[PDB]
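Ligands are counted one by one from 1 in listed order, and the atoms in each one are counted from 1 as well. In what follows, every heavy atom counts, from backbone to side chain, and hydrogens, waters and symmetry copies are set aside. Nothing fancy with the numbering, it's 1 onward along the sequence.
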Amino acid sequence: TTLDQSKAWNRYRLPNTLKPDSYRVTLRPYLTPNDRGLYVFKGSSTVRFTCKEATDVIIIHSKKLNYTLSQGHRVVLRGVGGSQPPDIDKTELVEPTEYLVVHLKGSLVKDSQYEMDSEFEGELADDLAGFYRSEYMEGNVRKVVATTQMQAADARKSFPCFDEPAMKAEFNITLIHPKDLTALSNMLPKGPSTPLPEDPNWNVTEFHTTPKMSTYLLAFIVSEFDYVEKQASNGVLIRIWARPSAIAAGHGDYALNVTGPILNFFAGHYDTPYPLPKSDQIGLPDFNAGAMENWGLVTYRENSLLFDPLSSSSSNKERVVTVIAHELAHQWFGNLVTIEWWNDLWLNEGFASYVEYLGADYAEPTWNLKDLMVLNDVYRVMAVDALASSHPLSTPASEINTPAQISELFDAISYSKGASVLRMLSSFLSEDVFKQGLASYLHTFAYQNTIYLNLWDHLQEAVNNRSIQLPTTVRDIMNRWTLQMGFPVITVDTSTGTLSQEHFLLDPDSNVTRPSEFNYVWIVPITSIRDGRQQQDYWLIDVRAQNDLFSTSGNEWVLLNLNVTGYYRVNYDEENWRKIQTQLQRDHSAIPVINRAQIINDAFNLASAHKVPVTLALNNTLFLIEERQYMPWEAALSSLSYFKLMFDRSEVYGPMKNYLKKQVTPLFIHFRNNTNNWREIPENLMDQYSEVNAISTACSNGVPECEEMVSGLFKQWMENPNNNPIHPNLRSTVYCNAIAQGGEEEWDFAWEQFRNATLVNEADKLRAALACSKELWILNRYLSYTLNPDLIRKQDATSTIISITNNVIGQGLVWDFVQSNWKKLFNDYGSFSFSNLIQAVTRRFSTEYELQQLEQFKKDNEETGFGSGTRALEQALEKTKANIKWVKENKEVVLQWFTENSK
Ligand SMILES: *[C@@H]1O[C@H](CO)[C@@H](O[C@@H]2O[C@H](CO)[C@@H](O[C@@H]3O[C@H](CO[C@@H]4O[C@H](CO)[C@@H](O)[C@H](O)[C@@H]4O)[C@@H](O)[C@H](O[C@@H]4O[C@H](CO)[C@@H](O)[C@H](O)[C@@H]4O)[C@@H]3O)[C@H](O)[C@H]2NC(C)=O)[C@H](O)[C@H]1NC(C)=O
Ligand SMILES: *[C@@H]1O[C@H](CO)[C@@H](O[C@@H]2O[C@H](CO)[C@@H](O[C@@H]3O[C@H](CO[C@@H]4O[C@H](CO)[C@@H](O)[C@H](O)[C@@H]4O)[C@@H](O)[C@H](O)[C@@H]3O)[C@H](O)[C@H]2NC(C)=O)[C@H](O)[C@H]1NC(C)=O
Ligand SMILES: *[C@H]1O[C@H](CO)[C@@H](O[C@@H]2O[C@H](CO)[C@@H](O[C@@H]3O[C@H](CO[C@@H]4O[C@H](CO)[C@@H](O)[C@H](O)[C@@H]4O)[C@@H](O)[C@H](O)[C@@H]3O)[C@H](O)[C@H]2NC(C)=O)[C@H](O)[C@H]1NC(C)=O
Ligand SMILES: *[C@@H]1O[C@H](CO)[C@@H](O[C@@H]2O[C@H](CO)[C@@H](O[C@@H]3O[C@H](CO)[C@@H](O)[C@H](O)[C@@H]3O)[C@H](O)[C@H]2NC(C)=O)[C@H](O)[C@H]1NC(C)=O
Ligand SMILES: *[C@@H]1O[C@H](CO)[C@@H](O[C@@H]2O[C@H](CO)[C@@H](O)[C@H](O)[C@H]2NC(C)=O)[C@H](O)[C@H]1NC(C)=O
Ligand SMILES: *[C@@H]1O[C@H](CO)[C@@H](O[C@@H]2O[C@H](CO)[C@@H](O)[C@H](O)[C@H]2NC(C)=O)[C@H](O)[C@H]1NC(C)=O
Ligand SMILES: *[C@@H]1O[C@H](CO)[C@@H](O)[C@H](O)[C@H]1NC(C)=O
Ligand SMILES: *[C@@H]1O[C@H](CO)[C@@H](O)[C@H](O)[C@H]1NC(C)=O
Ligand SMILES: [Zn+2]
């Protein structure tokens with residue numbers, strides 16, 4: 001499986017002998033099939049490169065490209081500035097390393113430039129890689145758009161190139177396309193699209209030269225899309241593309257309104273202007289990758305770019321602002337200054353995942369979006385990073401070579417832990433000094449490439465220049481958070497005022513085998529409060545220490561990690577927990593809203609880790625009966641979802657629902673009178689989210705008044721279908737519960753609304769809600785639909801199946817389905833997420849019978865692998881073993897607790 005490593009063309013990393021300067025690329029997509037039923041694109045290119053060290057071979061990336069021979073060879077070599085290229089000996093293609101290899105009869109000379117001409121063609125496949133095709137239905141008409149996805153190593157699939165991020169170059173892009181179609185790229189066209197002289201049916205669009213940039217950020221799109229535009233004061237043209245009908249109705253308007261302000265924010269937050277003449281953002285009906293930050297032409301999944309104020313919810317709105325903010329952040333951080341190699345992906349994706357909140361907050365200052373990062377990124381990644389199977393943020397460059405190894409880095413660790421760690425960094429340094437660090441870093445390395453130590457250097461300079469006191473260097477502090485996996489749990493003893501830290505692990509029976517330089521002790525910044533008042537900062541530099549900041553006497557209490565800015569969990573002594581609970585009972589508002597969620601989330605997590613009694617966590621939810629903020633409720637609901645997954649098929653679920661029924665009812669009554677009987681929605685975003693959770697928790701836990709009103713609204717809709725009386729914020733929870741309470745009539749109505757849907761946001765809500773039927777035959781019939789591309793789009797297959805197994809009645813149904821035709825499923829679905837299916841179907845597993853079924857599932861499907869889901873299967877087995885143990889230990893205690901507190 002390994003080729004001769006002594007040969008440069010058998011090594012995954014490019015050699016350092018040749019460095020490109022300028023490319024010219026002409027592409028011509030054919031949007032109709034040929035004789036072999038293949039969509040093909042024709043291409044021609046020229047790469048001008050500099051010989052940095054004398055070499056007798058040209059090694060360049062090439063993937064699935066078929067070359068037209070010219071002058072006897074795959075390629076033609078020319079000189080520039082009087083250089084004399086050697087004759088070509090022969091060319092070959094090396095598939096594993098994805099190289100075009102041009103062997104020369106002599107050596108290129110050092111410092112001299114050369115040009116290589118190539119003429120080729122490739123498949124315009126339905127594969128979402130390189131230059132590919134995307135198909136959607138515009139009514140009964142089948143539309144085809146040629147578009148691109150280069151990240152991380154697929155630029156080489158559209159034209160031959162030195163396809164590594166630090167091989168920056170300039171690109172002259174020309175698109176040959178049908179007459180009535182718009183061509184788009186990174187830069188603006190040099191002029192109006194002109195007819196191809198050989199065939200007026202085609203047009204030629206030549207784009208201006210790009211600045212120095214990485215191949216993975218290139219973009220070519222040919223479509224019949226329309227646009228809304230808006231020109232900013234500083235000259236930057238802002239355009240937004242989508243299907244003509246979607247833009248005609250104004251669904252691109254909101255994205256347009258926020259793009260300007262977001263670009264303005266980043267211009268100031270970075271202290272460098274927007275480096276491009278324009279900003280294109282395009283919404284594609286099909287785009288599994290979510291969004292790609294191509295420089296000047298950012299591609300989005302349609303349902304994340306388009307917005308309809310008459311049917312899209314606030315979450316839909318929040319989705320748009322935050323995603324746009326993320327990708328636009330890359331237009332400086334990532335595109336202007338690019339990573340040296342893929343092992344530093346966490347710095348790029350982590351930074352954008354963090355500042356997406358800052359940008360979006362600028363566009364919508366009334367929302368307080370920044371507060372949501374703790375739930376969305378911090379606690380999300382903490383579930384995965386608290387496992388023995390996690391990995392450090394940073395990876396040695398030499399360990400990331402193959403395309404598969406690169407793809408594995410695009411995970412929750414890189415994004416969410418990357419964001420969390422950087423937010424913590426911007427916290428213990430002043431944000432102002434963090435900004436100052438950013439500014440110099442950007443200016444210094446513009447149009448170039450960096451490793452993460454470069455950013456550390458510039459931040460360190462800002463620290464010295466601003467005279468910010470730290471326990472040690474920025475480098476040494478951050479090493480604790482990048483070189484080793486996981487995060488600490490800080491246990492506080494408020495009697496002695498001593499702090500203690502250790503590697504936090506969700507599984508009490510975990511087996512960490514990955515060694516660490518520091519042996520899992522961190523240098524950690526501690527912000528804290530006492531009786532609502534914030535104290536002086538502290539630095540924990542050892543396993544254990546003492547300070548009077550964490551000592552208490554009498555009725556006073558303390559709390560660590562203000563607003564959860566630090567990437568760690570906190571535990572307290574029994575005495576301190578009691579005072580905090582008493583504070584929550586007396587006046588919970590005295591504790592920051594984020595920290596109220598912390599108290600709950602940490603407690604439930606520490607409970608699973610055998611660090612607090614499970615009854616403690618449950619006690620930390622008692623105050624929720626008078627809690628009206630969204631965040632603390634959401635945190636408890638998220639943690640109790642595990643309890644639901646463990647107990648919703650047992651005797652425990654009864655008292656559990658009765659408890660949640662007791663806690664949420666006053667909140668439900670409140671919103672009922674607050675919104676004046678659901679006539680209005682709150683003006684504050686959090687309150688809007690809070691109301692939705694209240695209604696959602698009320699109905700699923702059996703409060704009568706909620707059940708009556710959701711089915712009442714839905715029947716009212718069934719009578720006025722073209723006049724949906726249900727506010728968008730409430731649609732998912734109302735559709736679902738009404739479908740659950742009703743039967744065939746409701747389901748068929750919802751199904752027809754889904755089939756006729758012209759708004760993707762609405763169709764997504766219907767798809768999920770349809771899985772809420774309590775009729776087994778209906779769910780069974782729905783299951784058969786999920787594999788039919790005419791009924792359910794393949795990109796929505798897994799999620800629709802997943803939504804079905806979320807239903808208790810669908811659990812055994814889907815699990816039987818997975819066991820029955822896995823062999824047919826692994827063959828006849830590509831990009832079907834077996835990983836998510838395996839995880840979703842095994843979440844409920846808590847018995848020895850389920851484990852043995854899963855153990856047999858693995859054995860029965862040995863010779864036919866599990867592919868991308870192979871890893872999820874091993875984690876499901878370990879999780880199942882953990883669940884069996886947890887259930888047998890907490891079943892009695894939890895049943896008793898829910899019973900006592902349901903009265
Ligand atoms: C991708 O696209 C870029 C941008 O268009 C191309 O770069 C251009 O390439 C042109 C063709 O070689 C260049 O034209 C030449 O410019 C020479 C002057 O060079 C200076 O360039 C700097 C900027 O780098 C300016 O500040 C100076 O003011 C000058 O413009 C001329 O001397 C040269 O002379 C011509 O030679 C031709 C040869 O046939 C004669 O026919 C003609 O009569 C005339 O004597 C010529 O005009 C151009 O400078 C250059 N533009 C820039 C800004 O770099 C890349 O070549 C493209 N890449 C690929 C691989 O195709
Ligand atoms: C650049 O060159 C590469 C390498 O040659 C091309 O890749 C090749 O693509 C073809 C599809 O056109 C693959 O062919 C196979 O097709 C069968 C199914 O179709 C079959 O058609 C033949 C007649 O040609 C019949 O005799 C058979 O009964 C059958 O109907 C399918 O079973 C295979 O899975 C495969 O798709 C071929 O495998 C593939 N070659 C390699 C080695 O990758 C590529 O198309 C070309 N690019 C362009 C732009 O044409
Ligand atoms: C969170 O921590 C625990 C969670 O359970 C709570 O402790 C509970 O506090 C109440 C306070 O009223 C205790 O009630 C007491 O119970 C005794 C009798 O003991 C009982 O005996 C029967 C058998 O006869 C057992 O089945 C019970 O388990 C219990 O041992 C009775 O005289 C009074 O009702 C007395 O108040 C309750 O026992 C206790 N739960 C436990 C430990 O089982 C705690 O309050 C809560 N903290 C909060 C509210 O924030
Ligand atoms: C995208 O941004 C545009 C531009 O701001 C928004 O359009 C504008 O929306 C406002 C608020 O509804 C409208 O204000 C109105 O002004 C009139 C006076 O002209 C006043 O009588 C009304 O009471 C109201 O306040 C304004 O007409 C409108 N401007 C344009 C260009 O039509 C739009 O709302 C934004 N779109 C989205 C979905 O965010
Ligand atoms: C492709 O080229 C043709 C010919 O230049 C363009 O057709 C012109 O389009 C403009 C704007 O719509 C019309 O006002 C002219 O009458 C057309 N010129 C003719 C008839 O020769 C066409 O616009 C180009 N396609 C694109 C991408 O717009
Ligand atoms: C902790 O986070 C809270 C938000 O959960 C912050 O409270 C906001 O602070 C900003 C400062 O500009 C005010 O404009 C907002 O009105 C506050 N929101 C609310 C609803 O209180 C708070 O600043 C943070 N505390 C610290 C010091 O870290
Ligand atoms: C940086 O700090 C130094 C003093 O430490 C001083 O020159 C001035 O305050 C700042 N200006 C720069 C960038 O030198
Ligand atoms: C969907 O739209 C078509 C075209 O108007 C119509 O015939 C059909 O009844 C619609 N389906 C329903 C029942 O919503
Ligand atoms: Zn990103």
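For the residue pair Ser313 and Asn316, a side-chain donor N or O sits within less than 3.5 Å of a side-chain acceptor on the partner. Between the side chains of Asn335 and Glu293, not a single donor N or O lies within less than 3.5 Å of an accepting N or O. Between the side chains of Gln436 and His458, not a single donor N or O lies within less than 3.5 Å of an accepting N or O. Counted by atom type alone, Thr259 and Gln281 present one or more donor-acceptor pairs between their side chains at under 3.5 Å. No side-chain N or O of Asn729 forms a donor-acceptor pair with one of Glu691 less than 3.5 Å apart.
Within 4.0 Å of atom 32 (O) of ligand 4, not a single protein heavy atom is present. When distances from atom 3 (C) of ligand 4 to the protein are checked, a heavy atom turns up under 4.0 Å. Counting protein heavy atoms under 4.0 angstrom from atom 29 (N) of ligand 4 gives zero. Closer than 4.0 Å to atom 18 (C) of ligand 4 lies none of the heavy atoms of the protein. Distance remark: protein heavy atom not present below 4.0 angstrom from atom 4 (C) of ligand 8. Distance check on atom 26 (C) of ligand 4: every protein heavy atom falls at or beyond the 4.0 Å cut-off. Checking atom 9 (O) of ligand 8 against the protein gives no heavy-atom contact under 4.0 Å. Checking atom 35 (C) of ligand 4 against the protein gives a heavy-atom contact under 4.0 Å.
The aromatic rings of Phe307 and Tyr254 lie tilted to each other, with the angle between the two planes from 30° to 60°. Using cut-offs of 30° and 60° for the angle between ring planes, the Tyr415 and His326 rings count as parallel.
Not a single N or O atom of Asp253, backbone or side chain, sits closer than 3.5 Å to an N or O atom of ligand 4. Checked against a 3.5 angstrom limit, the closest N/O atoms of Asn756 and ligand 8 fall inside it. Looking at ligand 7, you won't find any N or O of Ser467 less than 3.5 Å from one of its N or O atoms.
Among all protein heavy atoms, the one lying closest to atom 12 (C) of ligand 7 is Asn465 ND2, 3.2 Å. The protein heavy atom nearest to atom 13 (C) of ligand 8 is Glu752 OE1, 3.7 Å. Shortest contact from atom 39 (O) of ligand 4 to any protein heavy atom: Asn257 ND2, 3.1 Å. Of all protein heavy atoms, the one closest to atom 38 (C) of ligand 4 is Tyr254 CB, 4.0 Å.
Looking at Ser696, its side chain never comes within 3.5 Å of a backbone N or O of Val692 through a donor-acceptor pair.
A cation-pi arrangement is absent between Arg781 and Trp751 under the rule of less than 6.0 angstrom and at most 45 degrees off the ring axis.
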Requested in this report: Would you please test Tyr357 and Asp377 for side chain to side chain donor-acceptor pair (under 3.5 Å) and show each step?
Outcome: CA-CA 11 Å; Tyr357 289 95; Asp377 292 280; 2.7 Å; yes
